[PDB]
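Peer 1: Before I ask anything, let me first share the structure, which is written out below as structure tokens.
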Amino acid sequence: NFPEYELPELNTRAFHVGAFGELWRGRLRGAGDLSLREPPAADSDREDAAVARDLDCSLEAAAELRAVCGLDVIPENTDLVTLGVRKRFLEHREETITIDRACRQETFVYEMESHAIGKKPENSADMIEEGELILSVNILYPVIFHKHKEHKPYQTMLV
DNA sequence: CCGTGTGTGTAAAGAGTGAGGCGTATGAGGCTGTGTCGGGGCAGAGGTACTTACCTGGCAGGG
């Protein structure tokens, strides 16, 4: 069913997860990203033909769309708003801490986040199929420290 | 040249107060009634200069 909200940013109405996955899979059949294959002059012609077919334009139109819409390092200058605050934070930290080395608690949550993403199965027979509906549940750690009533710790699992 | 002895980041506890919203409880209002008791008037004992008049002390005689 629909994931329709129940509250503005805290809840939604109870919905069947299977029907939700089915709706997503149906509305993405044959025109969806459900391939799960990593990215790789002859192919340019095929791409132009596909663009022409999908957008109802000529081959020359597809070629010029491809050409014009083409894709278009630390120090900065010529500031903007957010680049301004970034540069200021960086210079402040420069007059600040002498050991730039990344904190051991940021690296922890980072590595836990990217522990095993982008690691394909070595069997390739149990690999999940398309539309497998990952639910990112987070289990609340039990209250085993006083500080765990205040800010409720939790561990996230990709069920 | 590899031991070790001290520093440092930065969010993680550890308290340490403090704050805010919400939900339940309370109240106030006539109403009407009935026992009662402090109460609150209620009056009540009960305790500036000059002049004239009057009083006092004294010494005097009298008997």
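Numbering starts fresh at 1 for the residues of each chain in the structure tokens, the chains themselves are lettered A, B, ... in the order given, and ligands are numbered from 1 as they appear.
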Find the residues of chain A that sit at most 12 Å from chain B; for each, write down the nearest two atoms and how far apart they are in Å, to one decimal. Count only C-alpha atoms (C1' of nucleotides). Sort by chain, then by number going up, and give it as JSON lines.

Peer 2:
```
{"residue": "A:93", "atom": "CA", "partner": "B:9", "partner_atom": "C1'", "distance": 11.7}
{"residue": "A:96", "atom": "CA", "partner": "B:9", "partner_atom": "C1'", "distance": 11.0}
{"residue": "A:97", "atom": "CA", "partner": "B:9", "partner_atom": "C1'", "distance": 8.0}
{"residue": "A:98", "atom": "CA", "partner": "B:8", "partner_atom": "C1'", "distance": 8.6}
{"residue": "A:99", "atom": "CA", "partner": "B:8", "partner_atom": "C1'", "distance": 7.5}
{"residue": "A:100", "atom": "CA", "partner": "B:9", "partner_atom": "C1'", "distance": 8.9}
{"residue": "A:101", "atom": "CA", "partner": "B:9", "partner_atom": "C1'", "distance": 8.6}
{"residue": "A:102", "atom": "CA", "partner": "B:9", "partner_atom": "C1'", "distance": 8.3}
{"residue": "A:103", "atom": "CA", "partner": "B:9", "partner_atom": "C1'", "distance": 6.1}
{"residue": "A:104", "atom": "CA", "partner": "B:10", "partner_atom": "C1'", "distance": 8.3}
{"residue": "A:105", "atom": "CA", "partner": "B:11", "partner_atom": "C1'", "distance": 6.9}
{"residue": "A:106", "atom": "CA", "partner": "B:11", "partner_atom": "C1'", "distance": 8.6}
{"residue": "A:107", "atom": "CA", "partner": "B:10", "partner_atom": "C1'", "distance": 11.7}
{"residue": "A:108", "atom": "CA", "partner": "B:11", "partner_atom": "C1'", "distance": 11.6}
{"residue": "A:109", "atom": "CA", "partner": "B:11", "partner_atom": "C1'", "distance": 11.6}
{"residue": "A:145", "atom": "CA", "partner": "B:13", "partner_atom": "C1'", "distance": 8.6}
{"residue": "A:146", "atom": "CA", "partner": "B:13", "partner_atom": "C1'", "distance": 8.5}
{"residue": "A:147", "atom": "CA", "partner": "B:13", "partner_atom": "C1'", "distance": 6.3}
{"residue": "A:148", "atom": "CA", "partner": "B:13", "partner_atom": "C1'", "distance": 9.4}
{"residue": "A:149", "atom": "CA", "partner": "B:13", "partner_atom": "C1'", "distance": 11.8}
{"residue": "A:150", "atom": "CA", "partner": "B:13", "partner_atom": "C1'", "distance": 10.6}
{"residue": "A:151", "atom": "CA", "partner": "B:13", "partner_atom": "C1'", "distance": 10.7}
{"residue": "A:153", "atom": "CA", "partner": "B:12", "partner_atom": "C1'", "distance": 11.4}
```

Peer 1: Going by DSSP on the backbone, which bits of range 111-152 of chain A are strand (DSSP E)? Write them as a PyMOL selection string, please.

Peer 2: chain A and resi 136-140

Peer 1: Export N, CA, C and O atoms of the chosen residues as a compact mmCIF listing (two decimals), in the first residue's frame?

Peer 2:
```
# COMPACT_ATOMS: atom_id res chain seq x y z
N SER A 136 15.86 -0.94 6.56
CA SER A 136 16.97 -0.50 7.39
C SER A 136 16.47 -0.31 8.81
O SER A 136 16.20 0.80 9.25
N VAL A 137 16.35 -1.41 9.54
CA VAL A 137 15.82 -1.37 10.90
C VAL A 137 16.94 -0.92 11.82
O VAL A 137 18.12 -1.11 11.50
N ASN A 138 16.60 -0.27 12.93
CA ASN A 138 17.59 0.02 13.96
C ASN A 138 17.04 -0.45 15.29
O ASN A 138 15.95 -0.04 15.71
N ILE A 139 17.79 -1.33 15.95
CA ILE A 139 17.39 -1.87 17.24
C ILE A 139 17.99 -1.00 18.34
O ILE A 139 19.19 -0.72 18.34
N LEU A 140 17.15 -0.60 19.28
CA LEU A 140 17.62 0.22 20.39
C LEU A 140 18.45 -0.62 21.34
O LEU A 140 17.99 -1.67 21.81
```

Peer 1: Enter the distance from CA of residue 56 in chain A to CA of residue 25 in chain A, in Å, rounded to one decimal.

Peer 2: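 Separation between CA of residue 56 in chain A and CA of residue 25 in chain A: 26.0 Å.
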
Peer 1: Between CA of residue 35 in chain A and CA of residue 17 in chain A, what is the distance, to one decimal in Å?

Peer 2: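 One can read the CA of residue 35 in chain A to CA of residue 17 in chain A distance as 21.6 Å.
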
Peer 1: Can you measure CA of residue 62 in chain A to CA of residue 46 in chain A for me? One decimal in Å is fine.

Peer 2: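 Spanning CA of residue 62 in chain A to CA of residue 46 in chain A is a straight-line distance of 10.4 Å.
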
Peer 1: At a cut-off of 9 Å, using only C-alpha atoms (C1' of nucleotides), what residues contact residue 18 in chain A? Leave out same-chain residues fewer than 3 positions from it and give the result as a VMD selection string.

Peer 2: chain A and resid 1 15 21 to 23 133

Peer 1: Print the selection's residues with C-alpha atoms to a file, as a PDB file, in the first residue's frame.

Peer 2:
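The result, written out as out.pdb:
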```
ATOM      1  CA  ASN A   1       0.000   0.000   0.000  1.00  0.00           C
ATOM      2  CA  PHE A  15       0.969  -0.534   5.364  1.00  0.00           C
ATOM      3  CA  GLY A  21       7.532  -3.816  -2.688  1.00  0.00           C
ATOM      4  CA  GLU A  22       5.139  -5.118  -5.331  1.00  0.00           C
ATOM      5  CA  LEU A  23       4.032  -1.616  -6.318  1.00  0.00           C
ATOM      6  CA  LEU A 133      13.167  -4.574  -0.462  1.00  0.00           C
TER       7      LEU A 133
END
```

Peer 1: Considering only alpha helix (DSSP H) as DSSP defines it on the backbone, what residues of chain A qualify? List them as a count of residues only.

Peer 2: 63
